[PDB]
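> Quick one: the structure is below, and I'll ask about it shortly.
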Amino acid sequence: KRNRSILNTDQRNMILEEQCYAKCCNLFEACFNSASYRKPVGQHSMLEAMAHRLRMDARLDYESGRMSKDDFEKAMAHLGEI
Amino acid sequence: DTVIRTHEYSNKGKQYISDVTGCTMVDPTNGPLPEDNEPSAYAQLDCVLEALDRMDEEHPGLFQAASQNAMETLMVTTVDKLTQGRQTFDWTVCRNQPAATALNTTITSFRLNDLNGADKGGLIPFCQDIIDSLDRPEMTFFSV
Amino acid sequence: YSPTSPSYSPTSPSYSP
Amino acid sequence: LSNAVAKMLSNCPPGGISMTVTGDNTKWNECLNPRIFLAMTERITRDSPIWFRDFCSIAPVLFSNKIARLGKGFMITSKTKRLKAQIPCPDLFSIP
Amino acid sequence: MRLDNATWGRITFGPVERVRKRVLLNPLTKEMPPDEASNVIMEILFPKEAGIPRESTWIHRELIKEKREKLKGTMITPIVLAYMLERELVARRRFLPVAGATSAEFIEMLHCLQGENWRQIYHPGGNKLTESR
Amino acid sequence: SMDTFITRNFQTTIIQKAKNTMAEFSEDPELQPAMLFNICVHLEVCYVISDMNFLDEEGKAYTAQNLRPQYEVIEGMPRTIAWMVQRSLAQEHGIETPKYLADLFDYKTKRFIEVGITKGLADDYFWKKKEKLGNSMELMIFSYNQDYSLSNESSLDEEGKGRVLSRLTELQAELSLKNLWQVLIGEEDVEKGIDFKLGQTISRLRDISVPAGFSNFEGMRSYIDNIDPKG
RNA sequence: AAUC
RNA sequence: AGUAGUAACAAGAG
RNA sequence: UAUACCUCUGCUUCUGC
């Protein structure tokens with residue numbers, strides 16, 4: 001377990017800051033599994049990477065037939081907002 | 001004790017006031033040679049340069065060879081190389097913190113003062129930002 | 001022979017008249 | 001060190017004496033000046049380009065004008081009253 | 001398996017001159033530089049991220065195919081598979097004091113092989129190389 | 001100049017992606033604007049091919065509703081994103097990934113497309129890139145003088161072929177009008193010198209950070225480099 | 001008969 | 001008191 | 001102030017190359 005002394009100090013705020021980055025990184029690793037193994041390279045946006053991957057993944061799964069017509073439009077709709 | 005003892009061995013050198021910081025500075029180098037066995041920071045520049053010359057003579061073309069290898073490595077070195085360290089001093093909060101955080105706090109702070117050399121990926125442009133950040137008239141930083 | 005026994009050691013080069 | 005010692009031993013003039021000084025330097029960090037370390041890089045980077053010379057020159061230049069933070073401070077106590085209090089480093093000369 | 005099928009000789013007491021040579025700690029499946037192995041690992045576990053296809057892919061194409069089939073029906077985390085592959089591809093070479101045994105499958109047992117003032121005969125099981133013989 | 005010219009002709013989408021591509025190769029957009037123009041034109045040709053083209057549920061070409069284009073624009077996107085798309089397609093359809101990077105992929109053809117822009121002879125520039133690829137990507141080269149050299153399996157429709165040649169010479173006319181055509185024709189190659197210069201504050205610190213008997217750092221630099229202390 |  | 005030894009702990013905080 | 005015979009804490013009041 002983590003040292004819990006931080007809970008009583010004003011440093012508390014860093015706990016939220018950590019768990020925020022944690023979500024982002026953990027979701028990035030869900031899109032790019034090799035990120036855990038070899039350091040990802042790129043000067044472009046961290047969102048831009050996740051967008052284009054999940055776009056392709058959905059398109060190929062549809063044309064291959066892992067993704068249905070119900071799910072593909074919903075997927076393209078959600079990614080459309082981004 | 002260390003602060004006193006450091007100046008105790010350099011007290012016979014040259015004392016001047018830094019026009020940058022406004023602090024009391026002490027320079028022993030090229031000072032008068034010691035007349036006792038007490039510790040001495042009074043090292044003569046020529047005697048170092050001669051000993052360095054003697055090394056280049058005994059080991060031919062090692063300096064330019066070593067410089068090349070380091071210089072070529074610097075180009076390849078990423079910014080994340082500063083994450084693999086121990087407890088580092090964080091200027092923003094003025095307390096020691098992990099290197100990985102102490103780096104992140106500086107990158108986020110530099111983005112406000114408009115220094116995005118870190119984003120390029122290389123350590124060279126990030127180092128170029130650090131020496132430039134001294135020139136900024138005011139340095140803003142987040143304080144939750 | 002057991003390693004602790006003196007007879008375990010090899011028949012070494014001995015000198016003769 | 002074994003090979004170094006073997007050579008430094010077996011190279012010595014015959015019918016002489018080879019002596020080993022089991023040595024150590026006191027006040028190592030307290031004496032060595034950054035301005036000497038600056039001179040060292042300038043000599044080592046003589047052939048290398050001008051951008052790299054200036055790069056290697058910074059680290060020593062920073063150490064040459066470095067500032068020391070004096071830790072927490074000093075704790076003062078009345079034994080009779082049975083009280084204590086830390087005196088921050090900026091308030092060192094606040095007390096006679 | 002090497003310790004299991006191995007046979008042990010006899011312990012001899014007497015002086016052993018030991019040399020400090022740079023030896024391979026663990027036997028590899030097929031040796032590669034760090035860069036070449038890293039790409040082979042990528043082709044097996046993370047095909048799409050891999051990136052610019054080097055010739056190294058075509059050289060070790062037979063290994064990649066074989067590893068994929070062996071690591072097919074497993075629930076274990078990729079990061080573990082990558083680590084375990086990296087072991088049996090990247091070289092672990094470091095200086096050790098040795099005496100008449102430099103082969104990895106000996107170096108892994110170097111603690112039981114000999115000391116300063118004693119020696120022990122040990123036949124490691126499995127297979128040995130022709131080059132090494 | 002070429003700098004102000006590109007602002008009027010192209011949109012921000014083509015300008016940004018062009019600069020972002022050059023940024024990865026460590027090439028300055030402003031100091032070499034003719035090199036940016038080569039990519040700007042190269043991306044605009046690729047963009048228009050996939051713009052009006054779309055697919056349906058049955059899976060045949062049509063003009064326009066739908067959320068699945070017929071062509072996949074690889075050129076313009078970053079390296080690590082491009083090679084992700086490159087391999088994902090090749091692995092899915094079940095074909096060998098090409099040795100070098102591609103520009104477009106046609107879902108109806110199931111083959112990679114290599115786009116190329118050239119100054120003079122278009123047929124000459126076609127056979128040069130055929131040496132490297134051979135039978136990897138279906139090449140589609142175009143030039144400014146209304147001279148085209150398409151692939152054997154011509155998937156490009158007649159109406160679409162006109163839109164390409166229309167925009168090609170229209171830009172070539174605009175360049176010749178403002179006397180900016182002479183900039184692109186001329187050769188452009190300069191060394192990317194590694195720039196690291198010290199500012200005002202850090203230089204002031206280095207000046208005082210010198211031994212006794214030195215005015216400033218310049219004195220310390222020259223001394224160590226020139227004089228010989230032996231003895 | 002080594003280098004990695 | 002005691003631990004300890006060039007300065008602390010012998011509880012801290014809301 | 002009061003809740004507080006309550007609540008939280010045990011390396012996170014500075015551990016470098």
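Order determines the names: the first chain of the structure tokens is A, the second B, and so forth; residues in each chain are numbered 1 upward, and ligands are numbered 1 upward as they are shown.
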Considering only C-alpha atoms, tabulate each residue of chain F that lies at most 7 Å from chain D along with its nearest interatomic pair and the corresponding distance in Å to one decimal; arrange the rows by chain and ascending residue number and present them as CSV.

```
residue,atom,partner,partner_atom,distance
F:195,CA,D:51,CA,6.8
F:196,CA,D:51,CA,5.4
F:197,CA,D:51,CA,6.9
F:205,CA,D:61,CA,6.8
F:206,CA,D:61,CA,5.4
F:209,CA,D:61,CA,5.7
F:210,CA,D:35,CA,5.9
F:211,CA,D:35,CA,6.3
F:221,CA,D:42,CA,6.8
F:224,CA,D:43,CA,6.4
F:225,CA,D:46,CA,6.7
```
> For those residues, write N, CA, C and O atoms to a file as a short mmCIF file (atom, residue, chain, number, x, y, z; two decimals), in the first residue's frame.

```cif
data_model
loop_
_atom_site.label_atom_id
_atom_site.label_comp_id
_atom_site.auth_asym_id
_atom_site.auth_seq_id
_atom_site.Cartn_x
_atom_site.Cartn_y
_atom_site.Cartn_z
N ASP F 195 21.96 24.17 -33.91
CA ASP F 195 21.97 25.53 -33.32
C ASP F 195 21.82 25.42 -31.79
O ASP F 195 20.81 24.85 -31.34
N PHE F 196 22.80 25.94 -31.05
CA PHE F 196 22.79 26.07 -29.57
C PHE F 196 23.58 27.31 -29.17
O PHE F 196 24.82 27.22 -29.03
N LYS F 197 22.89 28.45 -29.02
CA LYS F 197 23.49 29.77 -28.69
C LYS F 197 23.05 30.20 -27.29
O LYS F 197 21.88 29.95 -26.93
N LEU F 205 26.86 35.07 -16.49
CA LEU F 205 27.31 34.11 -15.45
C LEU F 205 28.65 33.48 -15.86
O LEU F 205 29.53 33.34 -14.99
N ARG F 206 28.79 33.11 -17.14
CA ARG F 206 30.01 32.45 -17.68
C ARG F 206 31.19 33.43 -17.65
O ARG F 206 32.33 32.97 -17.47
N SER F 209 32.47 33.48 -14.19
CA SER F 209 32.87 32.08 -13.87
C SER F 209 34.22 31.74 -14.52
O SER F 209 34.31 30.68 -15.17
N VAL F 210 35.24 32.59 -14.34
CA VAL F 210 36.60 32.44 -14.94
C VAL F 210 37.65 32.65 -13.85
O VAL F 210 37.39 33.34 -12.86
N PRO F 211 38.87 32.07 -13.98
CA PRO F 211 39.94 32.29 -13.01
C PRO F 211 40.44 33.74 -12.97
O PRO F 211 40.01 34.54 -13.79
N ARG F 221 38.71 31.21 -23.20
CA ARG F 221 38.53 30.29 -24.35
C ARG F 221 39.79 30.31 -25.23
O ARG F 221 40.33 29.21 -25.50
N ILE F 224 43.31 28.94 -23.41
CA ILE F 224 43.36 27.45 -23.31
C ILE F 224 43.64 26.86 -24.70
O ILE F 224 44.36 25.84 -24.77
N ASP F 225 43.10 27.47 -25.75
CA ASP F 225 43.20 26.99 -27.16
C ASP F 225 44.59 27.32 -27.73
O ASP F 225 45.14 26.45 -28.44
#
```
> Against stretch 36-54 of chain E, which residues of stretch 96-118 of chain F fall within 8 Å? For each one I want the closest pair of atoms and the distance in Å (one decimal), counting only C-alpha atoms, rows by chain and increasing residue number, as a tab-separated table.

```
residue	atom	partner	partner_atom	distance
F:97	CA	E:53	CA	7.9
F:99	CA	E:53	CA	6.5
F:100	CA	E:52	CA	7.8
```
> Between E:32, E:91, E:25, E:11, which has the minimum distance to chain C (counting only C-alpha atoms)?
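The answer is E:11, which sits nearest to chain C.
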> Quick one: residues within 7 Å of residue B:15, only C-alpha atoms (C1' of nucleotides) counted, chain neighbours fewer than 6 positions away excluded, as a VMD selection string?
chain B and resid 25 to 27
> Taking only C-alpha atoms into account, produce a table as a Markdown table in which each residue of chain A with an atom at most 9 Å from an atom of stretch 67-83 of chain F appears once, together with its shortest atom pair and the distance in Å to one decimal, ordered by chain and rising number.

```
| residue | atom | partner | partner_atom | distance |
| --- | --- | --- | --- | --- |
| A:40 | CA | F:80 | CA | 8.8 |
| A:41 | CA | F:80 | CA | 7.2 |
| A:42 | CA | F:80 | CA | 6.7 |
| A:43 | CA | F:78 | CA | 8.6 |
| A:44 | CA | F:78 | CA | 7.2 |
| A:48 | CA | F:81 | CA | 8.9 |
| A:49 | CA | F:81 | CA | 6.5 |
| A:52 | CA | F:81 | CA | 7.3 |
| A:53 | CA | F:81 | CA | 7.7 |
| A:59 | CA | F:68 | CA | 7.7 |
| A:73 | CA | F:67 | CA | 7.7 |
| A:76 | CA | F:67 | CA | 7.0 |
| A:77 | CA | F:67 | CA | 8.9 |
```
> Please determine, counting only C-alpha atoms, which residue among E:1, E:63, E:82, E:99 has the shortest atom-to-atom distance to chain A.
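Looking at the shortest contact to chain A, the residue is E:82.
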> Show me, as a ChimeraX atom specification, every residue of chain E with an atom at most 12 Å from chain G, counting only C-alpha atoms (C1' of nucleotides).
/E:22-24,31-34,90-93,131-133
> Between atom CA of residue B:116 and atom CA of residue F:30, what distance in Å does the model show, to one decimal?
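Going from atom CA of residue B:116 over to atom CA of residue F:30, I get 18.7 Å.
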> Record the distance separating atom CA of residue F:56 and atom CA of residue A:47, expressed in Å with one decimal.
28.9 Å
> As a ChimeraX atom specification, list the residues of chain B assigned to strand (DSSP E) by DSSP on the backbone atoms of this structure.
/B:14-17,24-27,88-90,95-97
> Which residues are close to residue I:10, i.e. within 10 Å by only C-alpha atoms (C1' of nucleotides), leaving aside same-chain residues fewer than 5 positions away? Reply as a PDB file with C-alpha atoms (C1' of nucleotides), in the first residue's frame.

```pdb
ATOM      1  CA  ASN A   3       2.373   5.842   2.261  1.00  0.00           C
ATOM      2  CA  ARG A   4      -0.897   7.482   3.518  1.00  0.00           C
ATOM      3  CA  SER A   5       0.794  10.418   5.426  1.00  0.00           C
TER       4      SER A   5
ATOM      5  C1'   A H  11       3.572  10.542  19.260  1.00  0.00           C
ATOM      6  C1'   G H  12       1.861  14.047  15.297  1.00  0.00           C
TER       7        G H  12
END
```
> If we count only C-alpha atoms (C1' of nucleotides), which residues of chain A reach to within 12 Å of chain I? Please list them as a list in words.
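Going by the stated atoms only, the list reads residues 2, 3, 4, 5, 6, 7, 8, 9, 10, 11, 12 and 14 of chain A.
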> Could those selected residues go to a file with C-alpha atoms, as a PDB file, in the first residue's frame?

```pdb
ATOM      1  CA  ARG A   2       1.097   3.649  -0.663  1.00  0.00           C
ATOM      2  CA  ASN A   3       2.373   5.842   2.261  1.00  0.00           C
ATOM      3  CA  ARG A   4      -0.897   7.482   3.518  1.00  0.00           C
ATOM      4  CA  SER A   5       0.794  10.418   5.426  1.00  0.00           C
ATOM      5  CA  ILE A   6       0.076  12.535   2.248  1.00  0.00           C
ATOM      6  CA  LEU A   7      -3.727  12.383   3.061  1.00  0.00           C
ATOM      7  CA  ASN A   8      -3.257  14.701   6.142  1.00  0.00           C
ATOM      8  CA  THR A   9      -0.990  17.301   4.354  1.00  0.00           C
ATOM      9  CA  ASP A  10      -2.031  19.849   1.627  1.00  0.00           C
ATOM     10  CA  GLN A  11      -0.114  17.626  -0.919  1.00  0.00           C
ATOM     11  CA  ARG A  12      -3.449  15.632  -1.250  1.00  0.00           C
ATOM     12  CA  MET A  14      -1.149  15.384  -6.254  1.00  0.00           C
TER      13      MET A  14
END
```
> For atom CA of residue B:69 and atom CA of residue B:119, determine how far apart the two atoms are, in Å to one decimal place.
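Going from atom CA of residue B:69 over to atom CA of residue B:119 covers 25.0 Å.
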> For residue B:51, find every residue with an atom within 12 Å (counting only C-alpha atoms (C1' of nucleotides)), except residues of its own chain fewer than 2 positions away, and show them as a ChimeraX atom specification.
/B:44-49,53-58 /D:40,43 /F:228-231
> Show me, as an mmCIF file with N, CA and C atoms, in the first residue's frame, the residues that have an atom within 12 Å of stretch 24-29 of chain A when counting only C-alpha atoms (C1' of nucleotides), minus same-chain residues fewer than 4 positions from it.

```cif
data_model
loop_
_atom_site.group_PDB
_atom_site.id
_atom_site.type_symbol
_atom_site.label_atom_id
_atom_site.label_comp_id
_atom_site.auth_asym_id
_atom_site.auth_seq_id
_atom_site.Cartn_x
_atom_site.Cartn_y
_atom_site.Cartn_z
ATOM 1 N N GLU A 17 -4.022 14.404 -9.375
ATOM 2 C CA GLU A 17 -3.102 14.700 -10.507
ATOM 3 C C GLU A 17 -2.523 13.383 -11.043
ATOM 4 N N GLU A 18 -2.086 12.489 -10.149
ATOM 5 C CA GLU A 18 -1.533 11.149 -10.492
ATOM 6 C C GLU A 18 -2.612 10.322 -11.203
ATOM 7 N N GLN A 19 -3.732 10.069 -10.518
ATOM 8 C CA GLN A 19 -4.838 9.191 -10.991
ATOM 9 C C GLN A 19 -5.400 9.714 -12.321
ATOM 10 N N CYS A 20 -5.264 11.017 -12.595
ATOM 11 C CA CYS A 20 -5.628 11.642 -13.898
ATOM 12 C C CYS A 20 -4.698 11.120 -15.001
ATOM 13 N N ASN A 33 -0.407 -1.613 -27.065
ATOM 14 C CA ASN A 33 0.048 -2.628 -26.075
ATOM 15 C C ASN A 33 1.579 -2.618 -25.967
ATOM 16 N N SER A 34 2.275 -2.224 -27.038
ATOM 17 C CA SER A 34 3.760 -2.198 -27.136
ATOM 18 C C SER A 34 4.346 -1.047 -26.303
ATOM 19 N N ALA A 35 3.504 -0.102 -25.862
ATOM 20 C CA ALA A 35 3.888 1.084 -25.055
ATOM 21 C C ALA A 35 4.531 0.643 -23.736
ATOM 22 N N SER A 36 4.021 -0.442 -23.141
ATOM 23 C CA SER A 36 4.553 -1.075 -21.904
ATOM 24 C C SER A 36 5.972 -1.599 -22.155
ATOM 25 N N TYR A 37 6.207 -2.203 -23.327
ATOM 26 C CA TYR A 37 7.496 -2.828 -23.727
ATOM 27 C C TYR A 37 8.491 -1.748 -24.176
ATOM 28 N N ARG A 38 8.282 -1.152 -25.358
ATOM 29 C CA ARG A 38 9.225 -0.171 -25.971
ATOM 30 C C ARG A 38 8.608 1.233 -25.949
ATOM 31 N N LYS A 39 9.419 2.239 -25.599
ATOM 32 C CA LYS A 39 9.008 3.661 -25.436
ATOM 33 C C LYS A 39 8.370 4.165 -26.727
ATOM 34 N N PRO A 40 7.073 4.554 -26.705
ATOM 35 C CA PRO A 40 6.440 5.208 -27.851
ATOM 36 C C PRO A 40 7.174 6.482 -28.303
ATOM 37 N N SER A 45 0.230 14.850 -31.022
ATOM 38 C CA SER A 45 -0.658 14.811 -29.829
ATOM 39 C C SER A 45 -0.924 13.362 -29.406
ATOM 40 N N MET A 46 -1.072 13.137 -28.097
ATOM 41 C CA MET A 46 -1.321 11.807 -27.478
ATOM 42 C C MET A 46 -2.743 11.339 -27.819
ATOM 43 N N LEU A 47 -3.675 12.282 -27.993
ATOM 44 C CA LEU A 47 -5.088 12.019 -28.387
ATOM 45 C C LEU A 47 -5.142 11.641 -29.872
ATOM 46 N N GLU A 48 -4.458 12.419 -30.718
ATOM 47 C CA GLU A 48 -4.373 12.230 -32.193
ATOM 48 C C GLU A 48 -4.014 10.771 -32.504
ATOM 49 N N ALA A 49 -3.034 10.215 -31.783
ATOM 50 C CA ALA A 49 -2.561 8.815 -31.912
ATOM 51 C C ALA A 49 -3.713 7.849 -31.602
ATOM 52 N N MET A 50 -4.346 8.021 -30.437
ATOM 53 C CA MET A 50 -5.440 7.152 -29.920
ATOM 54 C C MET A 50 -6.646 7.207 -30.868
ATOM 55 N N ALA A 51 -6.947 8.387 -31.422
ATOM 56 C CA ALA A 51 -8.063 8.620 -32.371
ATOM 57 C C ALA A 51 -7.877 7.750 -33.622
ATOM 58 N N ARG A 53 -5.909 5.275 -34.412
ATOM 59 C CA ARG A 53 -5.802 3.814 -34.140
ATOM 60 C C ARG A 53 -7.210 3.218 -34.006
ATOM 61 N N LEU A 54 -8.004 3.759 -33.076
ATOM 62 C CA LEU A 54 -9.387 3.303 -32.763
ATOM 63 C C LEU A 54 -10.291 3.487 -33.989
ATOM 64 N N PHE E 46 3.417 -7.671 -30.867
ATOM 65 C CA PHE E 46 2.789 -6.376 -31.251
ATOM 66 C C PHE E 46 3.066 -6.075 -32.723
ATOM 67 N N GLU E 49 2.231 -2.135 -34.267
ATOM 68 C CA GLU E 49 3.070 -1.028 -33.727
ATOM 69 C C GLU E 49 4.494 -1.124 -34.294
ATOM 70 N N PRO E 78 1.276 -9.705 -22.242
ATOM 71 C CA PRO E 78 2.335 -9.545 -23.242
ATOM 72 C C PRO E 78 3.692 -9.111 -22.664
ATOM 73 N N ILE E 79 3.686 -8.110 -21.777
ATOM 74 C CA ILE E 79 4.905 -7.527 -21.135
ATOM 75 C C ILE E 79 5.755 -8.650 -20.521
#
```
> Counting only C-alpha atoms (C1' of nucleotides), a student should be able to say which residues of chain D come within 12 Å of chain I; what is the right answer, written as a PyMOL selection string?
chain D and resi 69-73+86
> Once you have the residues from the selection above, write them out as a PDB file, in the first residue's frame, restricted to N, CA and C atoms.

```
ATOM      1  N   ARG D  69      21.344  25.768   0.043  1.00  0.00           N
ATOM      2  CA  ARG D  69      20.190  25.829   0.982  1.00  0.00           C
ATOM      3  C   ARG D  69      20.597  25.128   2.283  1.00  0.00           C
ATOM      4  N   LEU D  70      20.398  25.783   3.432  1.00  0.00           N
ATOM      5  CA  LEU D  70      20.974  25.377   4.744  1.00  0.00           C
ATOM      6  C   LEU D  70      19.998  24.473   5.512  1.00  0.00           C
ATOM      7  N   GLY D  71      19.363  23.517   4.823  1.00  0.00           N
ATOM      8  CA  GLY D  71      18.493  22.485   5.422  1.00  0.00           C
ATOM      9  C   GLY D  71      17.277  23.078   6.116  1.00  0.00           C
ATOM     10  N   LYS D  72      16.914  22.529   7.283  1.00  0.00           N
ATOM     11  CA  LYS D  72      15.716  22.918   8.076  1.00  0.00           C
ATOM     12  C   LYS D  72      16.037  24.161   8.912  1.00  0.00           C
ATOM     13  N   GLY D  73      17.056  24.069   9.771  1.00  0.00           N
ATOM     14  CA  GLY D  73      17.487  25.152  10.677  1.00  0.00           C
ATOM     15  C   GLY D  73      18.002  24.604  11.996  1.00  0.00           C
ATOM     16  N   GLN D  86      11.332  24.838  15.946  1.00  0.00           N
ATOM     17  CA  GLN D  86      12.312  24.948  14.829  1.00  0.00           C
ATOM     18  C   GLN D  86      12.455  26.422  14.433  1.00  0.00           C
TER      19      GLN D  86
END
```
> When DSSP works through the backbone of this structure, what residues of chain A end up as helix (DSSP H, G or I), shown as an MDAnalysis selection string?
chainID A and resid 5:8 10:31 33:35 46:64 69:80
